[PDB]
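One chain comes next, on its own, written as structure tokens: the form deposited in one PDB entry.
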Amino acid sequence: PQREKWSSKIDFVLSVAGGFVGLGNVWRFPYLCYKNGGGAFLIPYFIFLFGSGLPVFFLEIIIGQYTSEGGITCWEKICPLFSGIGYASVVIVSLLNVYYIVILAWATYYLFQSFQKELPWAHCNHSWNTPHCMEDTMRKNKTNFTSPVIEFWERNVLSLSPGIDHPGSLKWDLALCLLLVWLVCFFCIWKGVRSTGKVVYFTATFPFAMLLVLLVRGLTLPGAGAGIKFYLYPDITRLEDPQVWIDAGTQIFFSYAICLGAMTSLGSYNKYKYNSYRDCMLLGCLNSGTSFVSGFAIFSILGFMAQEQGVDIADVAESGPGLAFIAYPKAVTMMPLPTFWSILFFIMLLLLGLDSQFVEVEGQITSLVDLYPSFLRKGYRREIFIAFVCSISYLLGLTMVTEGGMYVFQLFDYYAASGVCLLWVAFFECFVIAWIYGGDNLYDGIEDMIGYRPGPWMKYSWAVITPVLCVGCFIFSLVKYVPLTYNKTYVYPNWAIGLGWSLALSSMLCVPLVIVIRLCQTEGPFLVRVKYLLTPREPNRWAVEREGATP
């Protein structure tokens, strides 16, 4: 009957902050900056952060607060047509839940490797190391040598195969680790949904307090001055390639968990007369500051490795995912008692990723339960659903656990819940809000909800800045198209790129397909059909709290 509200604003802030501040900050941003050269990644990043990151994030939160519904029915309130956006988000988040947890699996594996006398990536004299491996300290002291940390990441953790078309034998240890993290998610969602809520004082303060330590270790490294420069001074030429702009925009959208329905649901649990604008601005500041400062530390470590190895910074580690699994495990080796600090670091990674996964999976489950309110949300009948959603997404994730699973992970990362699909969904959200619902019409709601009409920046972002940025990046990437590559050496087969585009299209096609379906359901001439489907169905149809009216 009545949606359960937050106990207080503190609960909302802590839940959301633990929600969108996770592995998209300490893991994705590092190698996304590293892959796109150096500081040339920052110029689009911040622009999107001030052009589409904060505005769309606050728009999602404010729609959730205005309609008090999840990611799906909120659109039906705002606009019956273009409802597929919600479905699109669901598909996106589903695919995200498939490969996001895989990262945690790796972290868990690393954790299980930490509990021993000497870290396995300190020196390379083990069975999995190629004879070309040479220790980092001895690399520049005196061809094509490899470092123990990278060896451990590829040969042992991943057992990397020649290509995607050679999946090979499934790795059982990583499969068990993925099962373990999915079991943690399952027992933290069906029961103990607020388990992290009562221990936030450890779940929120520790991940930051740990990062600072790395930062203190990062800057002190002798080569940091080089690395920070690589992280800061941009390259003008790199800005010409569409890849940097697409990566920066989609990294903004991924870090803030927008176009997923999680933000709308989180904003659906708060009060109507709640000043979510200021809270959202502070949370976005915290998110971007965490990303920027963590990049400082990891790029200082990269500069240290480059100066010690006698190699260029751009060729010191893996450009694809695993930079955070190459730089940070090397940094924790330099600290006194490396085992303890490595354990703490991977525990912090687990906390961040697990909290983010809890939020995303719970949002997806709530959305699907909204789609099936009688067939679900009936106790045990709901419980089984959880056991379904994890399992079908666990088995589907097992394709990323085979020793050729890294390439599949790269496909999912670049296409499934990131790339031109996120731009598609964000552009359609902003188009519906600005050019159909009306920016001033939604300011009429904001002014009543928070008590003051915000500045013209929010409306200018949805009206012009965000659609223009999204369409420009999309069309400019399609014009100067470069095939997706893993670690800038592997050239994907055509069928692999076809599968990745199928993954993107699974969510993209929801917007037009649902439009066609809704037009088919309604009767009459086309013009009155679209006019009737473009009328909001009383978005703030609530009287329990002090509210005004739609016009």
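For every residue, the number given is its place in the sequence shown, counted from 1. Basically, rigid core = biggest C-alpha set you can superpose within 1.5 Å across the two forms.
The discussion below concerns the form deposited in another entry, not included here.
Superposing on the rigid core, I want to see if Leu23 changes position between this form and the one not shown - specifically a Cα shift of 2 Å or more.
Not so; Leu23 is displaced by less than 2 Å.
Did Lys198 shift 2 Å or more between this form and the one not shown, C-alpha, core superposed
Yes, the C-alpha moves 2 Å or more.
So with the core overlaid, does the Cα of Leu533 end up 2 Å or more away between this form and the one not shown?
Where the cores coincide, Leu533 shows only a C-alpha shift between this form and the one not shown that is less than 2 Å.
Relative to what's shown here, the Cα pair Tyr66 and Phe12 differs by 3 Å or more in that other deposited form. Does it come closer or drift farther?
Their C-alpha distance grows by at least 3 Å in that other deposited form.
Compared with this form, is the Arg278-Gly18 Cα separation smaller or larger in that other deposited form, the difference being 3 Å or more?
Closer: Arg278 and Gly18 approach by 3 Å or more in that other deposited form.
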